[PDB]
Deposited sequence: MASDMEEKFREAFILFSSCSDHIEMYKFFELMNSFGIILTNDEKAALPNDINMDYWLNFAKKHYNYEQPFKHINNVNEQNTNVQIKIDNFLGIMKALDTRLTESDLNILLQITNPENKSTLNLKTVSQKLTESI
C-alpha cells in the first residue's frame, strides 16, 4: 500500500501555477504526466472548473499503481532513434531539442540505433 497524495498535490500546483483550480488544457497535461489517458467521452464528462480535491479523487481512481507508464510500454517493442525523434516532432511535441537529447542519453546510454520503450517506461517510473 503506497500513498501518492503528496506527489499528486505537488504536480497539480506545478501545472496550475500554485492555484487551487487548473485550466482544462493544463489538467490534460497533469493527468498525462502520471500516465493517465481519457477518451473524448470521459474527457467531455469532466467538470469545467477542475479544482485540487477533484484531481486527487480522479488520480486515485485512474492512476495505474502497478504500471504507471503502461501507455509507453505494457508488460501484457524497440524503435529506431531517428524514427522516434521524427514521431515526437510530427505530433507537435513541446519538448526542445535539449530535452530530447537528455531523455536519449538517459534511456539509450550506449547510443544504440534502437530505443527500448520498456526502458523509457522504466526510467520515467523512477523519476516520479
| query | finding |
| --- | --- |
| Deposited positions without coordinates, collected into consecutive stretches in sequence order | 1, 78 to 82 |
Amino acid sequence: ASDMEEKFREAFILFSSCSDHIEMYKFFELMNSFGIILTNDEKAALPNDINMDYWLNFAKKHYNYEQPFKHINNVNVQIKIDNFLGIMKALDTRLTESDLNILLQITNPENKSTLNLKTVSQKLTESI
From here on, numbers count along this sequence of modelled residues.
item	value
Given 114 to 122 and 5 to 13, the range whose Cα B-factors average higher in the PDB entry	114 to 122
Mean C-alpha temperature factor, higher of 93 to 101 and 25 to 33	93 to 101
Deposited CA B-factor, highest of 72, 81, 46, 56	81
CA B-factor placement of residue 52, once the chain's modelled residues are sorted into thirds	lowest
Residue 67 CA temperature factor, ranked by third within the chain	middle
